[PDB]
Every structure is written in structure tokens, then in C-alpha cells.
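Observations on the model geometry
The chain contents come next:
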Amino acid sequence: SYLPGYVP
Amino acid sequence: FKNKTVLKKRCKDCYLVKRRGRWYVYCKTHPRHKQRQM
Amino acid sequence: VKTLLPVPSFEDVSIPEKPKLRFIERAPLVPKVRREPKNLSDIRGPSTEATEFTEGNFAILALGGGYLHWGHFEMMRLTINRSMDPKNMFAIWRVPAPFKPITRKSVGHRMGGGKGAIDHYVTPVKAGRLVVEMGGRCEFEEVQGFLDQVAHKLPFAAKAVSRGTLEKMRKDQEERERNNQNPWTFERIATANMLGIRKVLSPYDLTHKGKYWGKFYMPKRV
Amino acid sequence: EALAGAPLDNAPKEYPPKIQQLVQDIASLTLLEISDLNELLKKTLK
Amino acid sequence: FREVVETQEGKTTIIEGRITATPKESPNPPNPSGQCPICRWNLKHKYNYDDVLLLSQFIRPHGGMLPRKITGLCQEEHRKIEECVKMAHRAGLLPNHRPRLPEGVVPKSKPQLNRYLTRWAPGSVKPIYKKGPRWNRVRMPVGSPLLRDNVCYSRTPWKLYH
Amino acid sequence: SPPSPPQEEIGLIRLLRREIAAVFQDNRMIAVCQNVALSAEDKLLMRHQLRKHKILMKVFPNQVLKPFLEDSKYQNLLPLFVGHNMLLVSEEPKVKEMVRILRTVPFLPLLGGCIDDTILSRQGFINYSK
Amino acid sequence: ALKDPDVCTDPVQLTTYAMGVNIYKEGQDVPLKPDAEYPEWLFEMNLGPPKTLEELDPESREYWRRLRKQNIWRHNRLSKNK
Amino acid sequence: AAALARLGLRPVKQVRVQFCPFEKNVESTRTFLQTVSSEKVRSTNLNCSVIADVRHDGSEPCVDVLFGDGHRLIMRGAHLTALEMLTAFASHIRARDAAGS
Amino acid sequence: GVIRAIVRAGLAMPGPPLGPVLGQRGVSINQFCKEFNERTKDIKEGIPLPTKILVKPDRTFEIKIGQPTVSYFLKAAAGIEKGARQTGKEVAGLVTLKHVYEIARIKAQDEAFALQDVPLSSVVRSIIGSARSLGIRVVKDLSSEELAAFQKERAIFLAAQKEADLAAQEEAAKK
RNA sequence: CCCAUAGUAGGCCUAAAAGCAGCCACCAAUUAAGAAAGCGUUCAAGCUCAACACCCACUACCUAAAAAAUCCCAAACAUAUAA
Ligand SMILES: [K+]
Ligand SMILES: [K+]
Ligand SMILES: [Mg+2]
Ligand SMILES: [Mg+2]
Ligand SMILES: [Mg+2]
Ligand SMILES: [Mg+2]
Ligand SMILES: [Mg+2]
Ligand SMILES: [Mg+2]
Ligand SMILES: [Mg+2]
Ligand SMILES: [Zn+2]
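The numbering scheme restarts from 1 for each chain and tracks the written sequence of that chain rather than necessarily the entry's numbering. Residues without coordinates are not displayed. Whichever chain is written first becomes A and whichever ligand is written first becomes 1, with later ones labelled in order. All values in this entry refer to the displayed chains, which constitute part of a larger assembly. Here the side-chain values reflect all heavy atoms present in the structure, with hydrogen atoms and water set aside.

Header annotation of the entry names cryo-EM as the structure determination method and lists the resolution as 2.63 Å.

Okay, here's the thing in C-alpha cells:
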């Protein structure tokens, strides 16, 4: 559930 | 302690430690090797 | 199984009969009579003489301009000869003996009354000149230490170099100029008189291109 | 192609399976056949 | 993780080590090609000294840093987190990672001074008694130069010297 | 990072890979003791007392011997080789001599090995001796 | 005052007997045996200068024993100034 | 070796190292044996006996140390590093030395 | 500890250099001299023997005497009294492989080689190396006539060397 | 970090030169260790380094200060979209 550009 | 701009270990028992914001050379075997960064 | 590698061989190398550095005289054997102008350009800008290796593989490279008096030559000779291995190492001078007369006026005198008498002689050096060249059956690591000690004691910026390290230095500078991302360079601006900049630049800056300031060489300038 | 690991020191006695066949084969044979086998065995071993 | 328990029973000491529950990295990192935990999650240049949720994952229970070989961080990021943790401790953002005190040691009360972005250790710094002229002013460092490349959302760059 | 071309095997490794095969093929007893840090004199003396019964003492790096064993029939000898590991190899099982010489040193552990293509333990040897 | 015992100086004896092999007062000189009574490897010994790295086989212990000594020699050369 | 030898084995009556070599968790215990079995450490006290027991029962490795005072130290090496064991061993040596004297 | 020095057979004396070492460590010099001379009574006097004196904590000494040094064996087998002053340039002696083989048999019994259980070839290879340091050339076959020629030439060279040394010594006197 | 046996104190010179004042050679034993790279000893001993084994140290290989006289010297600030 994390897209390629996801950042915490 | 002798003030030194360039600190150099003079024997294998000399160790470099940074204390109170400056580098020191400490040596238990030969206390005369003790140096303070100037 | 620690992997050993072939050791370099110096079987073809040959050591000259006189390995040590010869004595350099304080002043020329025939004293100069005609007093000469100061001519500070003789230590300004890039060197054109003695920039390449000749016989040896190691040397001290000048990184600034300056004058070498007899005191410097004695430091170089005694340090290198004492530290070098005569059997496996040889050293040659890459600079002439002191030849340019320096005049001094007698202490306490006022300005005027003609030029002063000749006091001592110096050797002008430019940045990029090899000052002492060493060779023989040795590696750069062996001679780098005492060569660096001598270089530190010279009146100009200097560094011990080898054929490999010298070439890498030049290749790195060429690469920096090629890959530089700054669209504006000192050469382009100066040679075109952009902004009328030549009103604050010397004619020498067209060839120095911002790398030389007085007697000082700036290696990081592109 | 890979020899079996050593049996534990405290584990019960274990005998290889390949000999289990030999153990049974001897019982089937007759004494007269075993006797003839034995005469050749004793001489061969010397 | 692995714990160690020392028990003295019947004038005999038994030293044993047990394997406790170990946390696992969250699944599906957004950048699987990343070579360290930071760049695997696209966190490079995007964390600060106050990001304790991030920083706390790389420190020991008593506040010490963890080795780079264990965490897998690169030298560049490992050094940034190292400084960030020191600033986090000095700012008081890690109240449950205090140094271990031997039995019978209650620290004497010390003046409370709220501080943040503290590069140096308070005790090792001298007063600036002579500020110097405007063209050679002695400056008070704020923050860390290791974080100079952090993403800047303002038009003014981070001032590291006040 | 682009991987680096694998480093080509050194000629000493090959000679070691060939001598290991030979020691393992041309001998019967192949004990595996832990090469404890006995003095140089003691190690030489205990290696002379073993040579009296022509019980050789080999020493191979754990980075050549392991690959060999991995791909060889002795795949169960791997666990033994975690640390310093000398081999006590003889061409005919002379276990009782080795065992009594090995018992002069109380702290030198006999870890096992393989006699007659049978991987044994320490008690296996002490049983094959009796 | 302390030196070795007198050595022989007879070509015949020095070529037909090993003079110093016998060290005991009561013993006799050790006569040299015929060529057939000595092992074959004795006469294949290298009586000249040491084999160089090029001559040695890269799959022999002698080759790598020679390279290790050369590397030690190089380390000593480099360390002398250090 | 040198670090342990400097402290010495004066208050240690006997050191017993029990490990199963075929097991995969004995590396730390076996490393402990190598250090304590070094000539230097052994030479410090010649009355202390280093006993190496090799078993193939499959039990987990253990190190039992008996001091002259009568206290014992049991170190189970299945989940302990060699450095940790040697550090504990040295500390107990220091404790039992001062008590006797 | 161990005291290791070369002591000539039957010629142990209380003077230096072994005596002082023995005294400093508490071993009686006279006792050792008696024991060493008695245990080296069957060996021709003047033979250099490497000795290993094991000193026990109560200052009771045990001596371990080995086979003579290889320098002696090679010099005796060549008929020479002193080695080359510049080995590799001057050949001071000439021996055969058979001589080296006979020496190896005796030297192989020394505890240094014996405890290593090395083949006699290894001892022969070592002796050849020591010969190359003494100036002695190992040859496959030597005749009585070839040895006389070499001895004649070597005598001339040695005589000239004495004259050169005398010149230097005489020059030093004039200095 | 770890670890160090041996031909042999190589010969030469030297009152003595034993790896280590000088000169020549610099071969060889052991799986592994230079006829010795740095200390040391009157000469020796003695402590390291290059060896083996163990095994991921998984090294940076760019350098480096400060002192004056009436009283420091704007206040301050690391965070909101280049104007
Ligand atoms: K300078
Ligand atoms: K000497
Ligand atoms: Mg030697
Ligand atoms: Mg000598
Ligand atoms: Mg010498
Ligand atoms: Mg000396
Ligand atoms: Mg060797
Ligand atoms: Mg020594
Ligand atoms: Mg080492
Ligand atoms: Zn020191």
C-alpha cells in the first residue's frame, strides 16, 4: 500500500 | 601537556581523544607524550 | 588465502656514479657588476622551463613563484642527501644556482642617493617548475616522506610528485574544465571584455585566465 | 553420494539398511550350502 | 533481539541468553532499488533532528547509536542520523532513552535551559566575550552542516551560523 | 552498483584444492581436532610424537577445505570446521596411538572425522580404538 | 686462544674422505662411498643461483614462497622510511 | 588471549568447556576454549586445569568454571558471544580474587 | 628461561661471555663448565657445539648439547679455516655433493631437524644454502687434481690479501 | 585483531658484531616467518613489524591555532513557495 513516490 | 598545532602519537600506547571541544593525546606508558591541541 | 601480487622490478634501472646532490655556490664564480632591475615578472605566471620529468621518476613540484637563495639550497641538499639511499637513489638539481643579484642599501639610510650595492643572489622559480628530481630503484612511497619535508620548507607552495601523480593532476584539471557546469568562465569574460572587465584586469590575465594572482597559483580555479 | 551423519551417542543402536538384506539371506541358505561357503571363506580370508 | 539474564542461585551464577521478539521492516518499500533504509523509503534529505519516530529506530535503549553494519545505513546517512540523535537528546525529545545510572545514584538537580538545534555539548563551549568586527564576526553555530542539503521549502537557505 | 568481474582463482588455491583431494583419497583415518594454541615447542613435540607412528598433521585454510567438502561426499563434516582446525591423517587407522597422545593434553578437543568412509564422533574413535 | 681444530690439507684425503663428519676422538674418518651408493635426488640438487619467479611454476609452493619473500622485501623497503 | 592473561587465572580452580562440535551453535563456546587454552593464559596459573569435553549427545554447549573460593560460574554459549563470555569470566575472576584476600 | 649459545667442546671456561650471563641468572658457572666438559669429553676439542641451558626456577640448570654447527662441517670438509670475506665474488672453498650428503646424515640427528621429521633431502638443501654464504662451492664431482689447482690459486690470493691488509695496517700506523 | 619455531651467533672484519656498528651474500627447514623493517642490549637477552592460522577492520588516504592595552559591541533569526 505504498506508491513509488510515497514518503513517510 | 604540551600545546601542539599538529598532534602526533609518539608510541603505540598513545591514544587520541576529543575532550572539552579539543583533541588530546593521552599516554599512560609515557606521560610525557601527553599533548593538547592549541 | 591472502592474494599476493607481483612486485615491481628495477633490474633495468641504473644508478649514476654521483648519486648525491652537488654543492651549489652562494654566488656565481665571476661576480656580476651591472646592477639589474627588480623584474618581478620572472616569478609570475606559469613556468615554461623544467616542467617535465627528465631522468628520474620523482620530484618536488612548485605550486607558486618565489626566489631560492643559498640558504634554501643547503636545506634541500643536506636533507635529501642525508635521507636518501646512495646505493639505490640518485638526485639531480632541476634549478640553476643563484644568479640574479639582489641589492641592499646600508642600514639607516634615507630614500635616494642611487641604487644599493649587490648583497646576495637568488634563483627565480615559477609555479609548475620541477625543483629537484629523484630516481633510482625505489617507489614514490619511499621518497615521498622526506621530499614532502623539504617541500614544506620552501618559500613557495610545493608538493612532492611522481610521474603518475603529476599526470593525474593534469588530467583532473582538464576534466574539471570539460565537465564544469558554470556557463561563465574567467577566460570567456576576460578575452571578450564582457562588462568592460578588462578595466580591472591585467593584460597577463588573458593568458593566466584567473589561475594566477601575483606570485600565487590557484589550483582549484578552472 | 553423501555419507550419513554420525548417530547420537545416546541413541539406540542403529544398523545400516544394506546389511539387513544380508542378514536375511544367510537364514534362507542351507547348512550344507553355508558349510561349503565357509570352507572357501576360511581359506580366502587367509 | 537477544537479552542476557544473570541469576545467582545457591552461590552459583548462571549466564544465559534468550531470543526475544524482533521487529520486521514494513513490507513493500516504495523504492526497492534503494541501497539503505533511508533511500529505500525516499527519506533522503527529508528528515530533521525532531523526527524522533525516524531517529528512535536507530538508537540503543539508553540513547546510544547503533553500528552502521547492523542498521545497514550508508556512511553519509549514518553520520546525519548520528548528529540528529545528539540534537534530539539535547532538545529533550527522547525522555525514555536516558543513560543508565548505577544503583544508588540520584543526579543532583541542574538548571533547566530549553534548547534546540544544539550542535555542540553545552559544557565544551566557551563564551563569546569578544565578538569581533562586522567583517570578522565570531558566530554562534546553529544546527548541523551535515543537514545542509535538506530540502528547503523557503527561498532563504538554512542559516547555520547566528 | 555494477558487480565487479569475479577475481580469477589463484594458483595456490588450485594446488591446495589438489593436495586436499589427495590427503582425503590416499588416507584412511582423517581425524579433525581443534588447532588449540599450544606453544611452538609443544606443537612441534606433539607432532614429532605423532610422526613416530607416521600420523601426519595437516593444516588447510577453512576457505578452501569448505568448498571442497561442500561439493564432495563429506558434506556432514562442515559443522566441525568453525575456527582453527588441524587434520590428523594417517594411511592406516592407528587410533589408539593418536588417542593416547591426544590425551596427554587435556584441553585439546578431538572433534571427530571419518575412518574408512564412515563419519564418526569422538566416542566413535574411542570405540574403534577399543 | 679458542679456535677450531686443525683442518686437513691433503687433496687426496679431502677428495676421498669427509674429514669433519667424524667428530669423536676414537672414531675414524668417514670414507666417501661410490656414486652408485648415493640416492638419485642428491645429484639433482640445484647447485646454482635460486630459481627466479619466471622459472618457477605458478602451481607450485616454491613459486608462491618466492612471491611472499619478495613482498616481504618490498614491505621492508617501504617501511624503512616510515 | 593477552587481555585475559593480563588478569590471570589465580582464583580459578578449574575451567570446563563442554560443547558438541557437530552442532551449529558451538562457535562462541569453541572460541572461548581457544582463548582460555592459549599458552599465555594457561601459563598465568599452572594449578588451574582447562578441561575440554567433546560430546555428540546433541545437548547445547555449556562452560562451567570452578573458583578457589568454591563459587561456580555457568555460561551457556548457545546464545552468547565469545566476547560476552570472556568479559563475564574476567569480572568473576576479579570478584573472587579480592574476596579470598 | 633458556640460555642458548655456541660453546666449544671441552673448552668451557668461567670467563665471558657465557659466564656473566649464567651468573646474572643465578646459575653457577663452575658447575656448568664441569658438566659440559664431562659430557663433551668424547668430542674433539675446539668443535663449536650449540648449547641450550634450560634454567629452572630454583637455579638448577639442564644443558642440551646438539650437533656441531654446519659452518664447522663445511669448513672441515673443504680444508679451509676461514670463510670468504665477500661470498659470491671469491670462492674460498670447494666441496662435493657427497661431502654435503655425509654432513647431512650427522646434522639430521640434531633436534632442530630431527623433531621436524624432514627427509634428508631437506637437510641437504639447507646445507647447500649455508655453503653459499661461506664461499664454498658445491660441485657434483671433484678430483684430487682439481682440488690441488684451486688450493694453489687460493693460496696466492690469500697471500696477496695479507699484503693488502698489512699495507692498510702500516698506513694506519703512519697516520 | 591475532601470532612467532628453526640450519644459524651465515661468513667477514672486530676485544665483542648473536636479524639490527660496518663489508659480502641474502640462500634455505617447517603448511607458514625478511640471513631482518622499527626499538633495545657493552655483546647477548627482551618488545614489535612483515608470515601462517583465525576472519568481513568491510578505514580517511584532502588539512587543522592563538595575545594588548578606557568598555563586548545593532537587536535578532536555522522552516510558508523569486519576489
Ligand atoms: K612554505
Ligand atoms: K652485527
Ligand atoms: Mg635465521
Ligand atoms: Mg659470525
Ligand atoms: Mg651481522
Ligand atoms: Mg646492535
Ligand atoms: Mg619459509
Ligand atoms: Mg630475538
Ligand atoms: Mg604480525
Ligand atoms: Zn606514548
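Right, picking up where we left off after that structure.
**Description of the interface of chain I and chain G**
For clarity, the threshold we go by: Should any heavy atoms of two residues lie within 4.5 Å, those residues are considered in contact. Note on terms: buried area is the combined drop in 1.4 Å-probe accessible area of two parts once they are placed together, counting the loss on both. Put simply, a salt bridge is a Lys or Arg side-chain nitrogen that is within 4 Å of an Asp or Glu carboxyl oxygen. Contacts described as polar in this section are N or O atom pairs within 3.5 Å, which, within protein, must combine one atom able to donate a hydrogen with one able to accept it, while residues neighboring in sequence count only if both atoms come from side chains. Strands here mean DSSP runs of E at least two residues long; helices mean DSSP runs of H or I at least four residues long; both are numbered from the N terminus. Nonpolar residues are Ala, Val, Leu, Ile, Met, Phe, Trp, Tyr, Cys and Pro. Charged residues are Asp, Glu, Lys and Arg, and all others, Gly as well, are polar.
Counting residues at the interface gives 43 residues for chain I, matched by 36 residues for chain G. Summed over the three residues of chain I that lose the most area to chain G, namely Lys44(I), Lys98(I) and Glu102(I), the buried surface amounts to 18% of that side. Between the two partners, chain I and chain G, sit one salt bridge. With a closest N to O distance of 2.4 Å, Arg8(I) and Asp4(G) form a salt bridge. Connecting chain I to chain G are 10 residue pairs in polar contact. Sorting elements by how many residues they give to the side of chain I that touches chain G places helix α4 (residues 97-107) of chain I first, with eight residues. For the side of chain I that touches chain G, the class distribution of residues is 24 nonpolar, eight polar and 11 charged.

**Regarding the side chain of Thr103(C)**
Residues and elements named next belong to chain C. Its location among the elements puts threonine 103 in strand β4 (residues 100-104). A polar side-chain atom of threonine 103 sits 3.3 Å from a polar atom in the side chain of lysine 115. Ignoring any residue separated from it by four or fewer positions in sequence, one finds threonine 103 in contact with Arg35, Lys115, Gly116, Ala117, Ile118 and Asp119.

**Overview of the arrangement of the chains**
Contacts are most numerous between chains G and I, considering all 11 pairs of chains that are in contact. There is a gap between chain D and chain E: no contact, and a shortest C-alpha distance of 25 Å.

**Some details on the interface of chain H and chain F**
Counting residues at the interface gives 17 residues for chain H, matched by 21 residues for chain F. Roughly 1,600 Å² of surface becomes buried between chain H and chain F when both sides are summed, with 59% attributable to carbon and sulfur atoms. Among the residues of chain H in contact with chain F, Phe22(H), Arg30(H) and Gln34(H) are the three that bury the most area, contributing 41% of the side total. Taken together, the links from chain H to chain F amount to zero salt bridges. At the junction of chain H and chain F, the tally comes to four residue pairs in polar contact. Looking at the side of chain H that touches chain F, the elements that each hand over two or more residues are α2 (27-36), α3 (39-44) and β2 (49-54) of chain H. Grouping the constituent residues of the side of chain H that touches chain F by class yields eight nonpolar, four polar and five charged.

**Considerations on the sheet that holds strand β2 (residues 48-55) of chain I**
Where strands meet in a sheet, backbone hydrogen bonds hold them as pairs that are either parallel or antiparallel. All names here are of chain I. Operational definition: DSSP bridges decide pairing: two strands pair if at least two such bridges lie between them. Axes here refer to lines fitted to C-alpha atoms; in helices the fit is confined to the stretch in contact. Angles between the N-to-C directions go from 0 to 180 degrees.
If you walk across this open sheet you meet the three strands as β1-β2-β3, and the pairing is antiparallel. A single partner strand is all that each edge strand has here, and the edge strands are β1 (2-8) and β3 (61-65). Averaged over all pairs of adjacent strands, the angle between strand axes in this sheet comes to 30°, irrespective of strand direction. Bridging between β2 and β3 involves five bridges; their strand directions are antiparallel. Along β3, the bridge assignment pairs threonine 51 with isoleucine 65. Here helix α1 (residues 18-25) sits on the sheet and contacts β1 and β2; the angle it forms with β1, its principal contact strand, is near 155°.

**Observations regarding the pattern of salt bridges**
For the structure on display, the rule yields 34 salt bridges over all chains. Ionic pairing is found between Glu19(F) and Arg61(G), a salt bridge with its closest N-O pair at 4.0 Å. Taken as a pair, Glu19(F) in helix α1 (residues 11-25) and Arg61(G) in helix α2 (residues 61-81) lie in two separate chains rather than in one. Here the residues in one salt-bridge network are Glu9(F), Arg14(F), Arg17(F), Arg18(F) and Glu59(G), joined through shared partners.

**Digging into the protein's contact with RNA strand J**
Put simply, the test is: Near, as used in this document, describes a residue that has one of its heavy atoms within 4 Å of the molecule or strand being considered.
Around RNA strand J lies a shell of 75 residues, among which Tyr116(E), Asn62(F), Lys40(H), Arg4(I) and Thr87(I) are the nearest. Taken together, the sugar and phosphate atoms account for 74% of what RNA strand J places within 4 Å of the protein. Interatomic distance of 2.4 Å between a side-chain N/O atom of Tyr116(E) and a phosphate oxygen of RNA strand J. At a separation of 2.9 Å, a sugar or linking oxygen of RNA strand J approaches a polar side-chain atom of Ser133(I). Looking at the surface near RNA strand J, the elements with two or more residues in it are α2 (40-52) of chain F, α2 of chain G together with β1, α3 (70-78), α5 (111-114) and α6 (120-134) of chain I. For the surface near RNA strand J, the leading source of residues is α2(G), giving 11 residues. Looking at the surface near RNA strand J residue by residue, the class counts come to 25 nonpolar, 25 polar and 25 charged.

**Observations concerning the sheet that holds β4(C)**
Residue and element names in this part refer to chain C. Spatially, three strands are ordered β2-β5-β4 in an open sheet, and the strand pairing comes out antiparallel. Of all the strands in the sheet, the pair left with one neighbour each is β2 (66-68) and β4. Across the sheet, the axes of successive neighbouring strands diverge by a mean angle of 55°, strand direction being ignored. Examined bridge by bridge, β2 and strand β5 (residues 117-125) share three bridges and lie antiparallel to one another.

**Overview of the pairing of strand β3 (residues 89-93) of chain C**
As a reminder of what qualifies: When accessible area is computed with a 1.4 Å probe and restricted to protein chains, residues below 20% of their type maximum are described as buried, those above 50% as exposed, and intermediate ones as partly exposed.
Counting buried positions along β3(C) yields five of five residues, so the element is predominantly enclosed. Side chains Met89(C), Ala91(C) and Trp93(C) project from β3(C) onto one buried face, and the interleaved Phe90(C) and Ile92(C) project onto a second face that is buried too.

**Considerations on the side chain of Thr29(H)**
Its place among the elements puts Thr29(H) in helix α2. When residues no more than four places from it in sequence are discounted, the contact partners of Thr29(H) are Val17(H), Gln18(H), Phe19(H), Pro61(H), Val63(H), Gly77(H) and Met85(H).

**A few points about the nonpolar core**
Note the following rule: Nine residue types can take part in a nonpolar core, namely buried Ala, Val, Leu, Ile, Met, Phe, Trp, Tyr and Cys, and a core is a set of them joined through side-chain atoms within 4.5 Å.
Of all hydrophobic cores here, the largest spans 82 residues; its most connected members are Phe24(F), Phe32(H), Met75(H) and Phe89(H). Element by element, the count of residues in this core is highest for α1(F), at seven residues. Those residues in contact with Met75(H) that lie beyond four places of it in its chain are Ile15(E), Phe32(H), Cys62(H), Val63(H), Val65(H), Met85(H), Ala88(H) and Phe89(H).

**Observations concerning the packing of helix α1 (residues 70-83) of chain C against helix α2 (residues 140-152) of chain C**
Describing two packed helices takes the angle between their axes plus the distance from one axis to the other. All names here are of chain C. What counts is decided by this rule: If an angle is under 35 degrees, it is roughly parallel; if it is over 145, roughly antiparallel; if it lies from 65 to 115, roughly perpendicular; otherwise it is oblique. Each crossing gets its handedness from the near helix: less than a right angle anticlockwise from the far helix is left-handed, clockwise is right-handed.
In the contact formed by α1 and α2, the axes pass within 10 Å of each other and the chain directions differ by 170°. Comparing the axis directions of α1 and α2 gives the class roughly antiparallel. Regarding α1 and α2, the two cross each other, and that crossing is right-handed. Across the interface between the two elements, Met75, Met76, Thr79, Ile80, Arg82 and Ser83 from α1 touch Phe146, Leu147, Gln149 and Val150 from α2. Partitioning the contact of α1 with α2 into residue classes produces six nonpolar, three polar and one charged.

**Topic: α6(I)**
Residue and element names in this part refer to chain I. Worth spelling out the cut-off: In this analysis, the expected span of each helix is defined as 1.5 Å times one less than the number of residues it contains. In this description, the arc belongs to the directions extending from the helix axis to the C-beta atoms.
A rise of 1.5 Å per residue sets the reference length of α6, with its 15 residues, at 21 Å; its end C-alpha atoms lie 21 Å apart and thus fit the reference within 8%. Among the residues of α6, those classed as buried are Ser121, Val123, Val124, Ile127, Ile128, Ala131 and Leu134. End-on, the buried residues of α6 take up no more than an arc of 155°, which puts them together on one face. Buried residues in α6 make contact with α3, α4, α5 and β5 (136-139). Residue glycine 135 follows α6 closely and has a positive phi angle near 90°.

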